[PDB]
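Q: just to be clear, this is only the beginning of the complex, oriented as in the whole thing:
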Amino acid sequence: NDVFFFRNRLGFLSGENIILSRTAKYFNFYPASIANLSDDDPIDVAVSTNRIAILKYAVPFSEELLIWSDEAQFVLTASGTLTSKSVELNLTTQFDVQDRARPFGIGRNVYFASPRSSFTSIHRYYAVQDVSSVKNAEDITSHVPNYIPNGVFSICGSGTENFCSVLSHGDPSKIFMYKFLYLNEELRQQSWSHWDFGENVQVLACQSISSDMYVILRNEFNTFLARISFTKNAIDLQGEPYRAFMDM
């Protein structure tokens, strides 16, 4: 299902099994010597839970690696250093994540899409402040329960512009945006506007680079790459009299 690099070792998530490589080499999966056990050896832990949870995604979060699965979230960790015996793979939380969309972590939080039957609900995975290791997921769409249509293919965002945008295959034209701001640790702003680019403009996955977001659109005559940059004071094109808020 997915490829991750835990520690110095390439890792794969296949079914309910996490397979890691020898530490030095990402390609070699087998022990260097069968005769002598080495800490630098492949690992074949299998997730341990009473339900069936195939491991779809691996997300780095906090100071841990969280191996998410459709119905559950797990932490890959070790008792001390990593051997083929030390690794534990515990089961932190049981929130449901739809897996067409990779979870995106803007800052401390990791944002993911949960699929209700008609409209998706985006959630935020955070480490709860008081307890030593309890992670919880707030639902950030509780105020807009039926806004984002069900197909969600991308969750993309910018720390610099403090925003998360979810592109949904359901309503192709819109890029649904959440703008947030944390003062102290409180959430001062929760906003869920949508940006609509055109009547028939199917929007492929935008991905911000710095403060500039590169969007790919359909027409449906010809597809294009365009740029959105949040520059306060700039004239987007040369010689233009004033920034003209005109699309394309």
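A: Right, received. Where do you want to start? Residues are numbered from 1 along each chain as shown, chains lettered A, B, ... in the order given.
Q: drop to CA atoms for contacts and neighbour counts, all remaining ones
A: Noted.
Q: state the distance from the most centrally placed residue in chain A to residue A:68.
A: Within chain A, one residue has its C-alpha closest to the average C-alpha position: by C-alpha atoms, centre = their mean, that is residue A:103, at 1.8 Å. Noted for residue A:103: a distance of 9 Å to residue A:68, by C-alpha to C-alpha, to the nearest Å.
Q: what does residue A:219 give?
A: If you measure residue A:219 against residue A:68 using C-alpha to C-alpha, the figure is 36 Å.
Q: more crowded one of those two?
A: Neighbours were counted for residue A:219 and for residue A:68 using other C-alpha atoms under 10 Å; residue A:68 has more, 27 against 13.
Q: one step back: state the phi and psi torsions of the residue nearest to the centre of chain A.
A: Comment: the main-chain dihedrals of residue A:103 come out as phi -60, psi 140, following degrees, to the nearest 10.
Q: helix, strand or coil: sort out the closest residue in space to it that isn't next to it in sequence for me.
A: Leaving aside its sequence neighbours, residue A:103 sits nearest to residue A:112 (C-alpha to C-alpha, 6 or more residues apart in numbering; 4.8 Å). The three-state label given to residue A:112 by DSSP: H, G, I helix; E, B strand; the rest coil is strand.
Q: quick check: residue A:112 vs residue A:160, distance?
A: Residue A:112 sits 19 Å away from residue A:160, taking C-alpha to C-alpha as the criterion.
Q: give me the more crowded residue out of those two.
A: Counting neighbours by other C-alpha under 10 Å for residue A:112 and for residue A:160 shows that residue A:112 has the greater number, 27 against 11.
Q: residues contacting that one?
A: Remark: with contacts taken as C-alpha atoms under 8 Å, 6 or more residues apart in numbering, residue A:112 is in contact with A:97-98, A:101-104, A:122-125, A:155.
Q: out of these, list just those in helices.
A: Among these, no member falls in helices (criterion: DSSP state H).
Q: throw chain B onto that model:
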Amino acid sequence: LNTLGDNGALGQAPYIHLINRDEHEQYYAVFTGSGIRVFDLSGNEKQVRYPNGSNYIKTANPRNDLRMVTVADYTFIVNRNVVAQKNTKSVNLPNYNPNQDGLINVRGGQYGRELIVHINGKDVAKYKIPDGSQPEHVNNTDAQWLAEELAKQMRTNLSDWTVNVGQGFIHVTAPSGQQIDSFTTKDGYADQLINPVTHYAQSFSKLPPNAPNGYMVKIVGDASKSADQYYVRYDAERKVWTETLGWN
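A: Chain B goes in next, on the same frame as the chains above:
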């Protein structure tokens, strides 16, 4: 910035990933589901050759199947629909009978010892080392002469088997049709005078001192240190026993 071709150029549902490796190496990569079309952020197509095949990319629904993880050294594309498999075609020692090709290491002689080596239950070779006239016998107590003497008797008794002498070893190779069922040899002294050696050794220390260029022995456990039984292969050039990958 640019137009990236017709509506279907990128496909109905492309998986598009941004490879932000460097300031100058910012590229977008789209998976049409029929191929890979990479675009510079200025909109310029960058040719993707597909040496070594292109079928992995081909998928009906590439938003959902191809997953791309980008690490600084390499970018990995994983199709989730595809299932990993082993090649039955490439095998080590593909057809291998441990039974054939056994070796006997003659190391010494002493007066009055009957050298009896029996293969397949018939005492094939019977050479009694003799005493009573010392100068001829000191010449006779030597291992090398004993080996050649044993070999010639063995060749007559085993016409099909090919017997080849060595520095200390006597290598008995069965014809393909036949195999060595019993390799027991009676030294007439402790196991020291001569020793039957099979492809299994209780310990690395109990390994034949000299051997053919490829003799493989499986070092079974000494039942002292916990270990996984391992396979060791001799190299004549370097005179080192090393370690290997198994026999079938």
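Q: touching, the residue nearest to the centre of chain A and residue A:111? I think so.
A: Yes - taking C-alpha atoms under 8 Å as the definition, residue A:103 is a contact partner of residue A:111 at 5.5 Å.
Q: which residues do these two both contact?
A: Shared contacts of residue A:103 and residue A:111 (C-alpha atoms under 8 Å, 6 or more residues apart in numbering or on different chains): residue A:155.
Q: residue A:24: which element?
A: For residue A:24, there is no host helix or strand (DSSP states H and E).
Q: if you could redo that for residue B:153, that was the one I meant.
A: According to DSSP H and E, residue B:153 maps onto helix B:143-157.
Q: cool, residue B:135 as well?
A: helix B:134-140.
Q: residues contacting residue 144?
A: I'll assume chain A. Per C-alpha under 8 Å, 6+ apart, neighbours of residue A:144: residue A:192.
Q: please go with chain B instead
A: Applying C-alpha under 8 Å, 6+ apart, the residues near residue B:144 are B:106, B:167-168.
Q: ok, then the element right after the helix holding residue B:153?
A: strand B:162-165.
Q: what are the contacting residues of that next one?
A: Strand B:162-165 has contacts (C-alpha under 8 Å, 6+ apart) with B:147-148, B:151, B:154-155, B:170-175.
Q: let's have the residues you listed in TSV, adding neighbour count and distance to chain A.
A: TSV is the format used below for the contacts of strand B:162-165 (neighbours: other C-alpha atoms under 10 Å in any protein chain shown; distance: C-alpha to the nearest C-alpha, whole Å):
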residue	neighbour count	distance to chain A
B:147	23	34
B:148	16	36
B:151	20	35
B:154	22	37
B:155	17	38
B:170	23	28
B:171	21	27
B:172	23	29
B:173	19	29
B:174	19	30
B:175	15	32
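Q: hmm, back to that, let me see the contact set for the residue nearest to the centre of chain A.
A: Residue A:103 sits next to A:59, A:110-113, A:155 when contact means C-alpha under 8 Å, 6+ apart.
Q: then add chain C to what we have above:
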Amino acid sequence: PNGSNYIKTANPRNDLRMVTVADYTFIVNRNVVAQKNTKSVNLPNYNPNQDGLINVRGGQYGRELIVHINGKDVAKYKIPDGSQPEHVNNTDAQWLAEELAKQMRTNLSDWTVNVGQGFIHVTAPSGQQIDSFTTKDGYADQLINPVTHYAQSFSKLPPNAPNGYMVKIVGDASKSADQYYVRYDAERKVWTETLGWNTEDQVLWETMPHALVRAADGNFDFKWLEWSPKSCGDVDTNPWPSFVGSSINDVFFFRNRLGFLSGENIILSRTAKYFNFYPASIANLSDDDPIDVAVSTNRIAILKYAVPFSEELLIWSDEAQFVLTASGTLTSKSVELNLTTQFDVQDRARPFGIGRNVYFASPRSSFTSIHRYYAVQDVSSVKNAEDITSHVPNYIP
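A: Same chains as before, plus chain C:
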């Protein structure tokens, strides 16, 4: 002295980085890429095949000494019995060696054969090499023994040897180890340990960092700092350090070891010496060894800066912040390099920590936003960055 080109750069705010520690000040150009010198090699042209040795140790009556090189039984000397006084003189190893040598010299005119205390050294002419060195003792391997440049164990090492005989001690398949190279010294009669037989031992000093040092006079000198050679070990066992093919972004001292941040790799030195990057002994793992951890994350984050914060070292990167830590003490295996937070830091400016907090610049498109990195009070290890310019969003250019 020793060159000035390292400093020369078009944009020095961005390329030269200077880290000042009390003993030395290190200047790192990030544009420059570290490289190895093909020029300096150990045993630059080396065939293991040539120069094999046979150690004659004893004789016994009735044994045929047959030594065959290249498939012809070159030397055939039958030790004899039947008249004891002459034979006791004959059972001796040294005479046998010289006897074997002379036969060998006639049979191998081009090969040069030189006797030794117990060894017989066969050296092939440059054109030819020793394909087969097998010798038949006529007794156990004890009477005489062919010795190649590979030994299954240190114990299985020729007792006497030429002044430079190098043997690679392959594993005994008992203790896990890295096969190591051992070189004999005739003066001291000790086998010791060495650096390989065709391996480049040195990095090019120019490309690697340089230092500014106050002199006697008090006027500074800009010179390269010598980096230790790969004293022991072959290329496979002793891999070239990660920076050897790439640029070093920054220099840090974690624990007692100098460290470099190159690309997505953190390379540390042996604990005692800041310059030496390779293990002291390939044969024995030591906790005091270099470390080559690579940051583990699903995105591309080249590691630009290392900032000491709290009781941890935070290795910052442009899009992410990582903590360098170890499970217990530091070995090459213990270090973890986790991924605390994913805030964006522009890297022309080194983060500065006034007190508990570390302040950094994040680049929005038009105006920078300075942020403060603090350890959140309530949780055990959660670090967060407040934006201190939220009230003045567009002030700092």
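Q: check the contacts of residue B:144 one more time with chain C there.
A: If you count contacts by C-alpha under 8 Å, 6+ apart, residue B:144 has them with B:106, B:167-168, C:64, C:136-139.
Q: show me where the stretch 201-350 of chain C has strands.
A: In the stretch 201-350 of chain C, strands defined by DSSP state E, counting those that start in this stretch lie at C:210-213, C:221-224, C:250-254, C:257-262, C:265-268, C:305-309, C:312-316, C:321-324, C:338-341, listed in chain order.
Q: among the ones you listed, which is nearest residue A:43?
A: strand C:338-341 (18.9 Å; C-alpha to C-alpha).
Q: does that closest one reach chain B?
A: No - shown here: strand C:338-341 not in contact with chain B (C-alpha under 8 Å from any C-alpha of the partner chain), separated by at least 14.6 Å.
Q: could the strands of the stretch 201-350 of chain C go into CSV alongside mean neighbour count?
A: What follows is the strands of the stretch 201-350 of chain C, written out as CSV (neighbours: other C-alpha atoms under 10 Å in any protein chain shown):
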stretch, mean neighbour count
strand C:210-213, 19
strand C:221-224, 18
strand C:250-254, 21
strand C:257-262, 24
strand C:265-268, 25
strand C:305-309, 21
strand C:312-316, 21
strand C:321-324, 22
strand C:338-341, 24
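Q: near chain B, which residues of chain A?
A: Residues of chain A lying near chain B by C-alpha under 8 Å from any C-alpha: A:1-4, A:33-36, A:100, A:153, A:204-205, A:207, A:209, A:214, A:218-227.
Q: for PyMOL, what selects the buried ones among the residues you listed?
A: Selecting only the buried members of those in PyMOL, with burial defined as 16 or more other C-alpha atoms under 10 Å in any protein chain shown, works like this:
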select buried, chain A and resi 1+2+3+4+33+34+35+36+100+153+204+205+207+209+214+218+223+224+225+226+227
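Q: what are the ranges of the helices in the chain?
A: In the absence of a named chain, chain A is used. Across chain A, reading from the start of the chain, there are no helices by DSSP H.
Q: was after chain C, sorry
A: Here chain C has its helices, by DSSP H, at C:84-90, C:93-107.
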